[PDB]
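Chains as they are written, first to last, in PDB author numbering: chain E, 7 to 284, 286 to 316; chain A, 7 to 284, 286 to 316; chain D, 7 to 284, 286 to 316; chain B, 7 to 284, 286 to 316; chain C, 7 to 284, 286 to 316.
Yeah, the Cβ is synthetic: ideal placement off N, Cα and C, and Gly gets one too.
Scroll down for the structure; my scribbles are underneath it.
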Ligand SMILES: CCCCCCCCCO[C@@H]1O[C@H](CO)[C@@H](O)[C@H](O)[C@H]1O
Ligand SMILES: CCCCCCCCCO[C@@H]1O[C@H](CO)[C@@H](O)[C@H](O)[C@H]1O
Ligand SMILES: CCCCCCCCCO[C@@H]1O[C@H](CO)[C@@H](O)[C@H](O)[C@H]1O
Ligand SMILES: CCCCCCCCCO[C@@H]1O[C@H](CO)[C@@H](O)[C@H](O)[C@H]1O
Ligand SMILES: CCCCCCCCCO[C@@H]1O[C@H](CO)[C@@H](O)[C@H](O)[C@H]1O
């Protein structure tokens, strides 16, 4: 018959979410409860009812006793897992109580940047049994699993946490146990508002103020320089994300400001060309130039907002 | 009954405070005194009264003797703890004297940037007993704990150090011992004064000098370029901090310079529009333009200083 | 006679491809099946038919039994290989079943940037037997080897995966077994289109719009500044690649924009010099200046497209 | 009575001095000679007179023989100490000969940037005995300690090396031995001359050349832009140093160029305002403007040179 | 008498050459052949003639047998040496066959940047015997040592490889064996040509084209801005190299462009001052201004080329 292995995983800290590399890093405690009757022992009066072991000698004890332990893997782990504690407490009964305190990076393959920076992402940790379900079956260790109260993450905000069990077929032909700790997190928009939206909007608004000066040459030079500023913001954004094969809401927004600014240069070159090809006309054309600018940006804003919502 | 475990923690060095990642790094010595009568030994005349052990063989001796050691965790530790010394001295009595010299990063979840750069922060180290208070009770090892005299931190200045004991319920249902080393540190303002305040103030003051040249076009071009410079300083500041969900005193200060500069462009466009819509007037309007500038910045400065103090 | 060693390698994750350093990083599982009759054992009823060992004690068992294991090396590995699992399952028969879960960087020496960013690259992992083919022969472990379904790579797209066996002569004079896991990957052009092509094309197109303003001085200043922008893009590109000894398609493209922009400055200086050396002429010369610009870029485009295709 | 422990430390390489983090990194060999009569042995003819041990088994031999070794700590060490060799050679006499080859970062808390880049710094390595002077006394191992002949440091130049012994009271109430390897190093000014002094001086000198063009507006625009360039150099310098709480000679130098440039803008605005408020006057005022510039920078240079020397 | 230790070192990969830190990184295989008659063993018919050992148990076997192994150090190694394989094969004879597969950084103290980027550098690996020549003598293991055929280095190109033996006196008074693997490598100029020479030459050439426009003010503004561009290229170069105490050919080249550009500003200010102090003169002076520019750069080019060749 298969022995129940009680898996518990608790994330104490989120040391960071690296969206460029699509991974996240946590400080966590893994807890396992497993009754192996073969490991049971008799004790004399005064001798302890609970034997405490360093994982190293406990595994050496299992090999001696010819017992198979529920060998597991953190399926989505990346790099080195720095350990803090790897402790076993064995009861007279044969109940193994294991605690694994670690710091580790995990793959975040659920990353969908299509609505960035208004995106919500899924992060998970996969704990797999190397041995199949006929030998060991993972069960949910009750009242332990989840996320702590001092995670230390400032940009992201965890919306919900879930735990479930599923099968995997990584090394075996038959199904094998898999414990899942899943969490959803959305972004704090403050950075994007302060460093990207407000500056881009200011550049556009204060640039429009200068149309009231009535100098066509100055306008063309202003829109030309604005175009270079947006090209620069385009690089600022690209540095936050991986070199995706798809368009972001942010990408569409920047490409949008390029297209409008390109057309502002085109329009004002065209209006100056009309002045040159024929006083009351001059001031009549000026009205189009001044009212074109806000209408072009308001038309662009309605285009993205429709294309993404 | 529970055995007293004497915890002592001394921070020799502050290898750095990383405010972007909200963690800090220290070189520290952990000292433990624990009397276990079961570990007592008899010695012959001339044979040593104190046995010195490498942690590895000492733990192997405890497992042999079926003794439970006060297994502890640095609760707020992050990543790898690089060890220098892990030495045990066991007296004839059974008094275990442990020394743990390490370099490690620790989570700084008490980070409040709301008044940055005039902020004071709390940094702590949590040492938790894995076993509950019925088995082991942490006591304060007197005359050891604290912070050294060559911490090597240049930006920060430690205001006070404290040590206290508390309970935690991390792995157990019953209360478990927790030793706390807390320290408060405030910032040296010299960097911010030299690299941010003085430059921003100079750009504003020397830009005002040019108003006395009496060219409205040149003023609009000056404020426009100044706006771009502040957008650039805005990115310089954002790189020091995490992508917070809240507004900083620094953030308010930069958004403030944007708003005033935006209004300077607006005002000077408006004053040039007034000149155009009707000599003594010209020079009368000029007085408003020249006196507007200092009043706008002095009004902005009074707004933030009120909003934050 | 030589014993068959069954090699299986599966890449679960592509943690990244670093083209500047010409290496790649993976999370992978190595699986080995090897029958050693000497390791066979007899068991009593109830005693397990499969013995599970930590690599450490299994190798200690081989040394004891004076047995030689199929010592292997990942020939193209770089730096530290962080291990997750190193587990042995030994059957009554003497069939050793080994699993090696690791994270590691590997040399990518097949990097050909000649057609970058339209390039396709070869990535491989070499598993070599230290002992020659007369002792051990590598065989392909069927139904395991390949690449997973959640690799997590966003810029690159895997076109095909292959496994084959070959000989090597690294440490021996006689041939020795080598297992190869090869994969081809092409690039997602979206980043290059959004951040390099569209901006460069916009700068060129909107700059041409201003020729219709009919100011020769303004044109020379525009082309001069455009040249500096391309010099800046030239540095942006150079940061993505190693300091190659050969010319890239991208390199040719940027050198191309330099040459045309240099000639635009030369041509417009020449046309202004013609105006100065002799009204209907002025406007006749203007036609050449305006039609020169698109023809020069269309001539350049045809030159690279011919030189590379 | 106390046993003499002979400490020898030789720095083979200076892998770098990181002034921003106030630490330095070395490749070094630690050598210890210690006679423990208890470790003495008898040998048969043909059997070796010197027993060679890996530190691991030598410490296991000491624990067996119940001997206390002179446990030491590198007091100012930071992070991980990567070891190359840890070898023991035990003579028939009981003379332990230990060699420790390592790569490690050490705290440089003696960093005084007040006269940077004309600064001289003190770097040291502290080797402390964990046990007090009544048990073990550190002595200077003659003819070994110092700094090698291929250190590999290019910016810094070692002026002198010293070795001495002192007491410490880190873990004990009674004095404990401390071995000190100290070295002084001064900086090669070439980088600062080529990248900071020459450019700043050129910008100032070639900007003065344009005063001979006799355009007041052009001068104000030139000094304004120069001010921005110095603000940029100010950030270039700040990146080399920690965020100190004190003013550097370099800091004073840059603040100096700001103040003079601010006054150049002020003066030329004032002189243009004098022209406007009343031909031979014009050309008379021009002389003040042209001779002001060199006198202002020569007055600034005399101010810093007095304030720091 | 002394026992011959056969050293073989083969570099499989050059993971990089870091010229800023003056070190290089390799993947290499170290091979040792050493006959120790004391390690010889007798075997029964059918029992193996070759015993295979993990370094750990082989060293434990040497300590047991009271044998001294040829303890060695990679003298110029830096940081951690990540190992792949550490395997021993012991023949009936007592012939120890050792293989050490590693990834490691090594000090490159032979770095001479005086002719950069036209420089050729020496890179080496030093393998030293800890024990002197009376105990162990290093010999060249024939047909193994050298550099592989898939080094993966793109900027550098290996000109020649050499192996030799020498003495050292690092830990001993008497001479001790040292094995040396040396290689010379020169640089691929393509990066410097594409990113530094072509842009600098273009800026100079296209700037000269505008002299034919005949505007003295525009020329002074052009040379002024060019000076700032070169100051920027000066920082781009400085980032590639350490903060050397000597002048590079590249450094001389950039300082050269500063001096000429400074003189171009000086000359054109002077020529405009001559126009102002006295039509056919105007156009006569113009010839000097236009022909000065190419002569000044051609004179500068001949100065460096003479000073360095
Ligand atoms: C920058 C947006 C500010 C709008 C208000 C108009 C004042 C002028 C701002 O400066 C100008 O900005 C252009 C575009 O960025 C540059 O081409 C130009 O060289 C620079 O002098
Ligand atoms: C900018 C702070 C210094 C103010 C002193 C006045 C002299 C001119 C300085 O150059 C100015 O730089 C801005 C930013 O690039 C441009 O927008 C502006 O058109 C330009 O005139
Ligand atoms: C940038 C191309 C945009 C084309 C639209 C025409 C308006 C002017 C854009 O500003 C230009 O920016 C360059 C930046 O280097 C300067 O050198 C150049 O003198 C300036 O005129
Ligand atoms: C700038 C140092 C070299 C001085 C030599 C005189 C020629 C003009 C150089 O161009 C200057 O470039 C600055 C860039 O910031 C502008 O602000 C300023 O208005 C402009 O005149
Ligand atoms: C840049 C070299 C190109 C040569 C061809 C002349 C066209 C004008 C290019 O813009 C120039 O950029 C310089 C650097 O910022 C400024 O100093 C200068 O006043 C400005 O006119």
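Proximity test, residue i beta-carbon vs ligand 5 heavy atom, cut-off 7 Å
i: residue 216 of chain C; result: yes
i: residue 228 of chain C; result: yes
Residue i CB to nearest heavy atom of ligand 2 below 7 Å
i: residue 232 of chain A; result: yes
i: residue 213 of chain A; result: yes
i: residue 209 of chain A; result: yes
Inter-residue CB distance, residue i and residue j (contact presumed, cutoff 8 Å)
i: residue 90 of chain B; j: residue 74 of chain B; result: Their Cβ separation, rounded to whole angstroms, is 26 Å, which puts residue 90 of chain B and residue 74 of chain B out of contact at 8 Å.
i: residue 80 of chain C; j: residue 131 of chain C; result: 7 Å
i: residue 261 of chain A; j: residue 230 of chain A; result: Not confirmed; about 18 Å, so no contact.
i: residue 194 of chain B; j: residue 163 of chain B; result: 6 Å
i: residue 189 of chain E; j: residue 129 of chain E; result: 5 Å
i: residue 135 of chain E; j: residue 78 of chain E; result: 6 Å
Ligand 1 heavy atom lying under 7 Å from the CB of residue i
i: residue 271 of chain A; result: yes
Near ligand 4: residue i beta-carbon under 7 Å from a heavy atom
i: residue 235 of chain A; result: no
message: Beta carbons nearer than 7 Å to chain A: which residues of the region 75–92 of chain E have them?
response: Those residues of the region 75–92 of chain E that come within reach of chain A (Cβ to Cβ, closer than 7 Å) are 88, 90 and 91.
query: Which parts of the region 16–61 of chain C are runs of the beta strand (DSSP E), unbroken and 3 residues or longer, counting only runs that do not cross its ends?
result: Along the region 16–61 of chain C, the beta strand (DSSP E) occurs as fully enclosed runs of 3 or more residues at 29–41 and 56–60, listed in sequence order.
field: Members of the region 174–192 of chain D near chain C, C-beta cut-off 9 Å
entry: Against chain C - using a Cβ distance shorter than 9 Å - the residues of the region 174–192 of chain D are 176, 177 and 179.
- prompt: What are the complete beta strand (DSSP E) segments, minimum 3 residues, inside the region 132–189 of chain E?
  reply: With a minimum length of 3 residues, the unbroken runs of beta strand (DSSP E) contained wholly in the region 132–189 of chain E fall at 142–146 and 162–174.
task: Can you give me, in chain order, the residues of the region 240–254 of chain C that have a beta carbon less than 8 Å from any beta carbon in chain B?
output: From the region 240–254 of chain C, only 240, 241, 244, 248, 249, 250, 251, 252 and 253 have a Cβ closer than 8 Å to chain B.
message: Suppose only complete runs of 3+ residues qualify. What are the beta strand (DSSP E) ranges in the region 57–132 of chain A, listed by chain order?
response: Taking only runs of at least 3 residues, the beta strand (DSSP E) segments lying wholly in the region 57–132 of chain A are 78–80, 83–97 and 101–113.
task: Output, in sequence order along the chain, the residues in the region 99–132 of chain A whose CB is closer than 7 Å to any CB in chain B.
output: Against chain B - using a Cβ distance shorter than 7 Å - the residues of the region 99–132 of chain A are 105, 107 and 109.
message: By the 8 Å beta-carbon criterion, what residues does the region 158–169 of chain D contribute toward chain E?
response: For the region 158–169 of chain D, which is checked against every Cβ of chain E, the residues closer than 8 Å are 158, 160, 161 and 163.
task: Give the residues from the region 42–54 of chain E that approach chain A closer than 7 Å (Cβ to any Cβ), ordered along the chain.
output: Those would be 53 and 54, in chain order.
Proximal residues, the region 11–34 of chain B versus chain A, C-beta separation under 9 Å: Residues of the region 11–34 of chain B with a C-beta atom less than 9 Å from some C-beta of chain A are 27, 28 and 29, listed in chain order.
message: If the cut-off is 7 Å on Cβ atoms, which residues from the region 263–275 of chain A count as contacting chain E, listed in chain order?
response: Taken in chain order, the members of the region 263–275 of chain A whose beta-carbon sits within less than 7 Å of a beta-carbon on chain E are 264, 268, 271, 272 and 275.
query: What residues from the region 287–304 of chain A come within 9 Å of chain B, judged by C-beta to C-beta, listed N to C?
result: Of all residues in the region 287–304 of chain A, none places a beta-carbon less than 9 Å from a beta-carbon of chain B.
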